[PDB]
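These notes concern the structure reproduced below.
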Amino acid sequence: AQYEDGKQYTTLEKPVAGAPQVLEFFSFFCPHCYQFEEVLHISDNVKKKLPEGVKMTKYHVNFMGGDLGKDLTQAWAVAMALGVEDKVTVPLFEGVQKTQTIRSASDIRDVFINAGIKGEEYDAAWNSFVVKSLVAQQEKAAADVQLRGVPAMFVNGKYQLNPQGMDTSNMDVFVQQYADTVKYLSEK
């Protein structure tokens, strides 16, 4: 066929029930995730091709960057709870990978302050139980698919995108192939 298991995607041997429809994992330490976000705008181009009534979820992971990696998963929970994902994603990536000005939880916080989130609002979210279980949700989703690598995307908890099997000569062409694959998997 044109789309075949093991080429544009792989199938999970152990499917995950009740999973979010389009589930994406990344890390602010992950170099391809940086490309995915600021050069390819993968998440965005997937959304533009998804049927509607479809939710997109994006979660941060712990297994890169040790102590800071965990801090970042909690910060991403704050970002989700406050709905400010679109104002911190770029400065977190560039603070970790471009400028290397993020070295502590306090530097992560500074990015939120500079993006206009209030000090008191950030610290309260950071310390809230609504952020604890949001951290719990991210870890649980990664656990359920035995996640050892990012960037990663899962559709309906049973298909995993396989970017290795898509042409990379052209970046525009890679993105559309990626997005079209998500839509194919979506309708499957």
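Here, residue 1 is the first one in the sequence, and each next residue gets the next number. Scope of the values below: all heavy atoms of this structure, side chains included, with no hydrogens, waters or symmetry mates.
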- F174 and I42: CA distance, side-chain angles, deciding distance, side chain to side chain contact (heavy atoms under 4.5 Å, CB included) verdict: CA-CA 10 Å; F174 167 78; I42 283 287; 4.2 Å; yes
Mind listing the side-chain donor-acceptor pairs of residues 156-168 below 3.5 Å, one per line with the distance, residues two or more places apart or on another chain?
from: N162; atom 1: ND2; to: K7; atom 2: O; distance (Å): 3.0
from: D167; atom 1: OD1; to: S169; atom 2: N; distance (Å): 2.7
from: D167; atom 1: OD1; to: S169; atom 2: OG; distance (Å): 3.3

- Message: Can you confirm whether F63 sits close enough to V150 that some side-chain heavy atom of one is under 4.5 Å from a side-chain heavy atom of the other?
- Response: yes
- Task: Would you mind reporting whether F36 and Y178 have side-chain heavy atoms less than 4.5 Å apart?
- Result: yes
Heavy-atom count around [X] [atom1] within 6.0 Å, excluding the residue itself: above 12?
X	atom1	result
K49	NZ	yes
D67	CG	no
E4	CD	yes
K188	NZ	yes
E52	CD	yes

Please answer: with hydrophobic residues joined when any side-chain heavy atoms are less than 4.5 Å apart, are [X] and [Y] in the same cluster?
X	Y	result
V175	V90	no
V135	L68	yes
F25	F93	yes
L147	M153	no
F29	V88	yes

Backbone N or O of [Y] within a donor-acceptor pair of the [X] side chain at under 3.5 Å?
X	Y	value
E37	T89	no
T57	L23	no
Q138	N62	no

- Message: Classify the ring geometry of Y3 against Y184: parallel below 30°, tilted from 30° to 60°, perpendicular beyond 60°.
- Response: parallel
- Message: Using 30° and 60° as the class boundaries, would you call the ring planes of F28 and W76 parallel, tilted or perpendicular?
- Response: perpendicular
- Note on the structure: So side-chain hydrogen bond (donor to acceptor under 3.5 Å, both in side chains) across residues 19-34, not counting sequence neighbours, yields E24-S43, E24-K58
- Message: Test: salt bridge (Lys or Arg N to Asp or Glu O under 4.0 Å). Region: residues 119-144. Which pairs qualify, not counting sequence neighbours?
- Response: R109-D123, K140-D144
- Message: Using side chain to side chain contact (heavy atoms under 4.5 Å, CB included), reason through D107 and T101 one step at a time and then give a plain yes or no.
- Response: CA-CA 7 Å; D107 299 335; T101 47; 5.9 Å; no
